[PDB]
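Encoded as structure tokens, the following chain is the form deposited in one PDB entry, with no partner shown.
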């Protein structure tokens, strides 16, 4: 049938006109199925034959389906899409099985040739012209930008009466895929299911029994849903022996997708292998740490794993745990050792950072993702000492926060690796540091003077004012003892080092962190530059020599 639902009005962009692309070289088997489709659709009113009053054309093709027996008739509207009006996408994200409540009776089903059951707008149907080796669409074509959004809007309009009159049957609606849950006995359930198939039919929408799943395990959205557990459909990893950029991409994609129920997956090293490339085809050597990361991920994926479903009665819990190099894995459950789902956070936000900032970022990620899936926020189990957190959000100048949580002794634990004094150290040598660098030559100097007579000035090449300032701080850390007071006039460096980082994209700052961890009391103070305040003044005359004025 063709839905008697009103067609969504669709125009083109101002001053644009339809496609005039001509067919490409086409294998026959594809053309045989093309015509066998095209002619049955023409029978059904889904495509109408056009003549030469229509100057438009666009390439078509086909592909196998999940069945693999039937054929998907795709059109290649790159040009038409470029010229069609803009829409507001209504698919706002993907449903996740871990946000399914336990239902007494369930069905999954799929709609018969769905796009081709929903009427295109007449005034638009002309730009949908194609020639099979001449028709036009009176329904929704596959490959057109507006067909997703339009289908989904429409399907919602259709289902709206049913949901209104059946508010206690839950209908998860992705594209035409419908999962239907109820708390009824199986009998009355199938009654309500036939009632919904009747409704969909009334709007011209067939639910082929071929795709009408009645018994568990319901195959849905890439998972298998059993009545009290769910699991992801099996994952197979690429097992090459020479990997390329695209072999790598697909590997990381399979991994990320796995990470949602396989706890512990790690992709940072592999991902880092992707830095700097150009084309999909560049074969690249696995580094030993990427190699080993792959090894341990593979080891993970051999084991069995399943989520459960969401009980709103119980609390939501997220527990987080640390791997190296700013990698983090979390598990969200409601009842110990019964994962609702797992995950991983690795994003590196910042030139400089520390484990505490990363943990908070992880918490935010999980909070937003929990809101999406269950509409509420989890309670946390975090490997950070209530003290480490009190100290941190005490001293740190940015607003920062973590919802209800509790500690869990699960090494590695999170700690700040050092601390800056609040007041200057009695008996600690005082270093006035400074650097300066020339903008034309890229020559600079960095050094210090000390209240105890010492003074050092190091020359640098291909450097930057900020770099010199950090170089002088590093120098002073290198040559001082276990307690030192430092005075710099570079709020950039002060701003980095107060933040208490423990990893940096910069090597200079990593060496600096190593020094700061080694000491026992550091005090870092600021003074405005070029204002004659000793001994900022003396060191500034020292490094400004030969590279300034």
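Numbering follows the first chain given and starts at 1.
Quick note: we don't show the form solved in complex with a small molecule, though the next part is all about it.
> For residue 383, is any heavy atom within 4.5 Å of the small molecule in the entry with it bound, or not?
No, no contact at 4.5 Å.
> Is the gap between residue 139 and the small molecule in the entry with it bound 4.5 Å or less for some heavy atom pair?
Judged by the heavy-atom cut-off of 4.5 Å, residue 139 is well away from the small molecule in the entry with it bound.
> Determine whether any heavy atom of residue 402 comes within 4.5 Å of a heavy atom of the small molecule in the entry with it bound, and answer yes or no.
Close contact is absent here: in the entry with it bound, residue 402 is far from the small molecule, nothing within 4.5 Å, heavy atoms only.
> Does the small molecule get within 4.5 angstroms of any non-hydrogen atom of residue 216 in the entry with it bound?
Because a heavy atom of residue 216 falls inside 4.5 Å of the small molecule in the entry with it bound, the answer is yes.
> Taking 264, 328 and 362 as a possible spot, do all three reach the small molecule in the entry with it bound with a heavy atom inside 4.5 Å?
None of them does, since no heavy atom lies within 4.5 Å of the partner.
> Would you point out which of 296 to 304, 332 to 340, 124 to 132, 224 to 232 contains residues with a non-hydrogen atom within 4.5 Å of the small molecule in the entry with it bound?
Within 4.5 Å of the partner lies stretch 224 to 232.
> Which pick from 82, 442, 102, 272 sits with a heavy atom within 4.5 Å of the small molecule in the entry with it bound?
So the residue touching the small molecule in the entry with it bound, by this definition, is 102.
> Please pick, from 309, 474, 389, 345, the one residue with any non-hydrogen atom lying within 4.5 angstroms of the small molecule in the entry with it bound.
By the 4.5 Å criterion, the partner-contacting residue is 309.
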